[PDB]
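> following this: a sequence and the matching experimental structure.
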Amino acid sequence: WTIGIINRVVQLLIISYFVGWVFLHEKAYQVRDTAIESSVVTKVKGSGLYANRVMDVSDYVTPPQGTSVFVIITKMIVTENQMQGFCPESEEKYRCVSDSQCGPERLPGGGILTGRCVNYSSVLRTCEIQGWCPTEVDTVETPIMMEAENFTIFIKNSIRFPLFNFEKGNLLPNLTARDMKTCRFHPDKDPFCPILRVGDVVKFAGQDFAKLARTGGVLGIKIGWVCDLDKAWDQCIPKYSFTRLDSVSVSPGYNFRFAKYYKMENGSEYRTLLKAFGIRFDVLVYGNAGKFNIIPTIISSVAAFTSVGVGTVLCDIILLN
Amino acid sequence: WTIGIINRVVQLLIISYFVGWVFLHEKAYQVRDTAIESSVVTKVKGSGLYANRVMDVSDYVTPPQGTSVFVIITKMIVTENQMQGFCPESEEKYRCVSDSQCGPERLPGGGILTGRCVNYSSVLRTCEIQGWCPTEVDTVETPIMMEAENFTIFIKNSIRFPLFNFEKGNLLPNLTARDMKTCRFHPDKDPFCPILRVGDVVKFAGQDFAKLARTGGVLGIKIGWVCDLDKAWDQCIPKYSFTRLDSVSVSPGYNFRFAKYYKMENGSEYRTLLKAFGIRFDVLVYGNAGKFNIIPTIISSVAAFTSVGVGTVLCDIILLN
Amino acid sequence: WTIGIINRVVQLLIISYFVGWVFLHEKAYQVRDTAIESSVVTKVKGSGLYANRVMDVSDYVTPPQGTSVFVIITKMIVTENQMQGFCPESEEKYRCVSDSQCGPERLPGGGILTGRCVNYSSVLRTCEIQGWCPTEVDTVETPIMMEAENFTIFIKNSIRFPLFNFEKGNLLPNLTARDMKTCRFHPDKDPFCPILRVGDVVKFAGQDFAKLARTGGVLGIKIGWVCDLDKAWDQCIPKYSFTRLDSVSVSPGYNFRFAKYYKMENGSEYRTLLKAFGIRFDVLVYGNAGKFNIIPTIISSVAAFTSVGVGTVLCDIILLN
Ligand SMILES: *[C@@H]1O[C@H](CO)[C@@H](O)[C@H](O)[C@H]1NC(C)=O
Ligand SMILES: *[C@@H]1O[C@H](CO)[C@@H](O)[C@H](O)[C@H]1NC(C)=O
Ligand SMILES: *[C@@H]1O[C@H](CO)[C@@H](O)[C@H](O)[C@H]1NC(C)=O
Ligand SMILES: *[C@@H]1O[C@H](CO)[C@@H](O)[C@H](O)[C@H]1NC(C)=O
Ligand SMILES: *[C@@H]1O[C@H](CO)[C@@H](O)[C@H](O)[C@H]1NC(C)=O
Ligand SMILES: *[C@@H]1O[C@H](CO)[C@@H](O)[C@H](O)[C@H]1NC(C)=O
Ligand SMILES: *[C@@H]1O[C@H](CO)[C@@H](O)[C@H](O)[C@H]1NC(C)=O
Ligand SMILES: *[C@@H]1O[C@H](CO)[C@@H](O)[C@H](O)[C@H]1NC(C)=O
Ligand SMILES: *[C@@H]1O[C@H](CO)[C@@H](O)[C@H](O)[C@H]1NC(C)=O
Ligand SMILES: [Mg+2]
Ligand SMILES: [Mg+2]
Ligand SMILES: [Mg+2]
Ligand code: NA
């Protein structure tokens, strides 16, 4: 009967179209390179006021070289002119009543205890320690540098998909509405401008610059290079997204200590101890490109051939019911 | 004959079970994301004694920002109050008998030779050089900071599988036996506590803190995120492993030089030159997640269908022999 | 007819050979790990002359720890003995005629403007600013450190393919023609020596050390670990390639600012502001290993079986035409 091949032809038309669109949708004919090879060069610009001092890029950006992880210091605590010696720790956790509870068995991971119980102040009595004196008082409140909200982060990114040796940069003058020197990234108006406003990044990440600058934090500028290397070079394009990575028992925020080391004409040494709070920026470059390949195209082919060949049989069985 | 289909049915039962368990074992129905996207924030805590000085996190940890690669300095060599000028190098490799073997052709990659053969000491005669004087004597023996064994490394890690957009952190309060503030990672008792004892990491890596602190070294804290994103969020879990990466013609260990730069009231410049030996820690985050996908499930399906269809034929041929 | 099976046997011989060589060529029987896990330790050696000063590794290499991204400073601009205060900016872009165009609305991202229009010099009138005074004059010409061309970069690299747990290092004494201590990487004579001459790297990247040292730049030392883990351990070998990553509206080159902070006996603070130009080196380790697997071998098998089975039918149809 001729209707049998019009039923079979329809079987193949319909079934083969479902299978066809699915495999064509997932790019099953493409080999994929998910090991992007990226280089990130960052540049911060701006000047702020902290206390009655002005902070420039040499003062608040650390490290200075422009790596993929850098910190913009927004608030700090200074303990000036420390010197090696003996003094009573100011932390309440070091409370003592007598030298019998200032032995090495107490607070093993903390500072070096001399073994004497001394009077830090008239209201507290703490174990004495050997180290930089006086000790740090990290329980005071200090201001934050508000001008940092208007600083700009410039991200030059040069990536390469090695499986295909397809290397490209994220400086694209034609994709940007305004000139490179004056543009400013906006997810909608200018999504390819490499210059980001610090406050903007804080908003795209859903964060309040006040609380964030107060407690410090870790934000991620995510650069995604999802590319179809079957298409034009023009089509491999970076997409920027933003997220807070520290999120959240542990106290949120981000801070670290470093000192400025000075030496007296006498030769004695003394430092300024600095506890820094800021916003660490991690440039996270993901990417995966897909190029047509004979092997995945043959495997996907064989897969779709056999699957339709069985679907037509099963559909014949379902119809005859 | 009915036995022919009981032989064929057994063929399909047995053969299909082998193929089935194999493919089900390798998760052949799963697409895999092997391009994890991780952020690492580290925090070191502790205080040590070196010579008659106390070292805190601002003194022995470098860099300070808490990156994925940091160094805990255990032994150092100081050459204090250097100043630009001329002086005889102390390295024996620079031995000379006359100014005729102190020309630019000699030791091309070394320091800047003035061209004079001078008497460093009464027992050695070396080429004179222009640079920081006096020169460094890196052949002496110095102590090591033993308290560093009791320092703790706290690793906060926030990763994301971008192919699935599955982001998670390694701070898991319910997986830890004791509180976050006081726990301490143990591969068996508390394998999810993010706080590591430096000495412990040295042991998990099979290293002696004495020799390691003496020569310096490079250890790896490996965080592995092997996950089945078909299962619950609760099941994606990090696993910590440890290894020594410098291992091993070349002299083992790890050291680097940096200076503390001071300026005299006169305006002249002088530095303290420091050769630092310590333990560099590299946090190496690997991860790959697997999620069910239609394409790999169809390809694996077609693969198992055809393979059993041939195995039953071959087994029929083997039986009739 | 017997010729029908000699035509079919030839069909299978020919068709099966094409398919066979193709699949065998692409290692379709291999699972692939493209998430290499690498550790990089670098060491720079050399001494240069800048002005009438000598720069050693502690002076021009930053950071000092030997990370995968480091900088060799070739030219710098010093602005010595700055101090907080008020002074007229030297940038022409800050030209003013009256204090009415020195308000906060002008150059929002720049320095902190006091609101006064002052005379920087007799030929220029600029807005006054609060900050480090005097201001920087980054339009002068300064020398470059030429000895940096003869510096050597030593790269120790320790990688691991985690899917197979195959870890190896790039220190291979038998693959190098000369001893480790004295060899020098050459793409042809000694392509496994880990010691690179800075000038050499500049040439492999197609760059002129003069212009590059003048403007600074970003070069990549690419380490590739393409390996067949079916073969001997001896066969997994690193291959070094080189490229300039900054390439290229934006001014090329690479520079960053950092200060040396001094304090007077009076207690007042003053710094030396340094704009550094150099060559940043990014060690980029790519790698992917292939090991035989049952699943990819079965899938590729099924793929080739079905494809030949159809090719013989299509070829029969083409012949009978
Ligand atoms: C580490 O701390 C314990 C106390 O918890 C102490 O007994 C031990 O001596 C310390 N280790 C070193 C090397 O000082
Ligand atoms: C950049 O603009 C020019 C025209 O000004 C255009 O020809 C060029 O193709 C653009 N860049 C790309 C990748 O197309
Ligand atoms: C050096 O002088 C200062 C006072 O200027 C003094 O406090 C310090 O103890 C002296 N150093 C020594 C080792 O005496
Ligand atoms: C590099 O060293 C060689 C000696 O090995 C010397 O002749 C040459 O001038 C040096 N290059 C520079 C740029 O100084
Ligand atoms: C953490 O503990 C709470 C109960 O205290 C539990 O409900 C929660 O599910 C735990 N975390 C996870 C991922 O289950
Ligand atoms: C500055 O003074 C010191 C002694 O305090 C002296 O050694 C040095 O040479 C002087 N600098 C100059 C340029 O004379
Ligand atoms: C940012 O700059 C604008 C001028 O462009 C200014 O009005 C605004 O106050 C600045 N923001 C902060 C937080 O100072
Ligand atoms: C290094 O050289 C020795 C012989 O001196 C040789 O036996 C060894 O196999 C070489 N290394 C490798 C990976 O073969
Ligand atoms: C400290 O002394 C210097 C001169 O040596 C002077 O210029 C400076 O203004 C003084 N500091 C203060 C707060 O007066
Ligand atoms: Mg404290
Ligand atoms: Mg020496
Ligand atoms: Mg300027
Ligand atoms: Na298949």
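Perfect, thanks for sending it. Residues are numbered from 1 along each chain as shown, chains lettered A, B, ... in the order given. Ligands and ions are numbered 1, 2, ... in the order given.

> give me the neighbour count for the residue in the stretch 101-250 of chain A that ligand 10 sits nearest to.
In the stretch 101-250 of chain A, the residue that lies nearest ligand 10 is residue A:136 (4.6 Å; C-beta to the ion). C-beta coordinates here come from the backbone N, C-alpha and C atoms, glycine included. Using other C-beta atoms under 10 Å in any protein chain shown, residue A:136 has 20 neighbouring residues.

> partners of the longest strand seen in chain A in the sheet?
The strand that spans the most residues within chain A, counting by DSSP state E, is strand A:269-292. Using DSSP bridges, strand A:269-292 pairs in its sheet with strand A:30-33 (antiparallel), strand A:69-88 (antiparallel), strand A:217-228 (parallel), strand A:255-263 (antiparallel).

> and these: which comes nearest residue C:162?
strand A:30-33 (17.9 Å; C-beta to C-beta).

> quick one: distance of the closest one to the chain centre.
Chain-centre distance of strand A:30-33: 26 Å, with C-alpha atoms, centre = their mean, to the nearest Å.

> check stretch A:147-156 too.
Chain-centre distance of stretch A:147-156: 15 Å, with C-alpha atoms, centre = their mean.

> straight-line length of it, end to end?
23 Å (C-alpha to C-alpha, to the nearest Å).

> right, is it up against chain C?
Yes. Shown here: stretch A:147-156 in contact with chain C (C-beta under 8 Å from any C-beta of the partner chain) through A:147, A:150-152, A:156.

> touching that stretch from outside, list them.
The contact list for stretch A:147-156, computed with C-beta atoms under 8 Å, 6 or more residues apart in numbering or on different chains, reads A:40-49, A:60, A:72, A:74, A:169-171, A:184, A:194-199, A:201-202, A:209, A:213, A:221, A:223, A:279, A:281, A:283, C:108-109, C:112, C:246, C:250.

> over to stretch A:159-169?
Here stretch A:159-169 has contacts from A:31, A:33, A:35-39, A:156-158, A:170, A:225, A:227, A:229, A:233, A:236, A:285, A:287, A:289, A:291, C:34, C:224, C:243, C:247-248, C:286, C:288, using C-beta under 8 Å, 6+ apart.

> out of the strands paired with strand A:269-292, which is closest to ligand 12?
Between the strands paired with strand A:269-292, strand A:69-88 lies closest to ligand 12; by C-beta to the ion that is 19.4 Å.

> from residue A:212, how far out is residue A:75?
Shown here: residue A:75 relative to residue A:212, a distance of 10 Å by C-beta to C-beta, to the nearest Å.

> these two: who's more crowded?
Between residue A:75 and residue A:212, counting by other C-beta under 10 Å, residue A:212 is the more crowded of the two (25 against 20).

> wait, a helix at the more buried one?
Yes. With DSSP: H, G, I helix; E, B strand; the rest coil as the criterion, residue A:212 is part of a helix.

> show me what contacts it?
A:74, A:202, A:279.

> circling back: dump the strands paired with strand A:269-292 to TSV, plus distance to residue B:116.
Below are those laid out as TSV (distance: least, C-beta to C-beta, whole Å):
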stretch	distance to residue B:116
strand A:30-33	58
strand A:69-88	41
strand A:217-228	55
strand A:255-263	31
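
> same list, these, but as a markdown table with distance to ligand 5 please.
Formatted as a markdown table, those follow (distance: least, C-beta to the nearest ligand atom, whole Å):
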| stretch | distance to ligand 5 |
| --- | --- |
| strand A:30-33 | 31 |
| strand A:69-88 | 28 |
| strand A:217-228 | 21 |
| strand A:255-263 | 27 |
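
> any idea which of those strands gets closest to ligand 13?
strand A:30-33 (15.4 Å).

> who's in contact with the closest one?
By C-beta under 8 Å, 6+ apart, strand A:30-33 touches A:161-164, A:228, A:230, A:288-293, A:295-296, C:34.

> of those residues - the most surrounded one?
residue A:161 (25 neighbours).

> run through the bridge partners of that one.
Going by DSSP bridges, residue A:161 forms beta bridges with residue A:166.

> how near is residue A:212 to residue A:74?
8 Å.

> again with residue A:270
Distance from residue A:270 to residue A:74, by C-beta to C-beta: 26 Å.

> so which of those two has more stuff around it?
Neighbour count, other C-beta under 10 Å: between residue A:270 and residue A:74, residue A:74 has more, with 28 against 18.

> ok, that one - contacts?
Applying C-beta under 8 Å, 6+ apart to residue A:74 gives the contacts A:60, A:144-145, A:148, A:212-214, A:216, A:277-279.

> and the furthest pair within the contacts of strand A:30-33?
Farthest pair in the contacts of strand A:30-33 (C-beta to C-beta) is A:230 and C:34. Separation: 19.5 Å.

> which part of the stretch 201-321 of chain A gets nearest to ligand 10, residue-wise?
Using C-beta to the ion, residue A:275 is the residue of the stretch 201-321 of chain A that sits closest to ligand 10, at 9.2 Å.

> so what's that residue up against?
The contact partners of residue A:275, by C-beta under 8 Å, 6+ apart, come to A:76-77, A:136, A:138, A:255-257.

> run the last query once more with 10 Å
Listed by C-beta atoms under 10 Å, 6 or more residues apart in numbering or on different chains, the contact partners of residue A:275 are A:75-79, A:136, A:138, A:142, A:255-258, B:58.

> and the top helix by length along chain A, what does it pack against?
The longest helix of chain A (DSSP state H) is helix A:294-320. With contacts defined as 3 or more C-beta pairs under 10 Å, 6 or more residues apart in numbering or on different chains; DSSP states H and E, the packing partners of helix A:294-320 are helix A:2-25, strand A:30-33, helix B:294-320, helix C:2-25, helix C:294-320.
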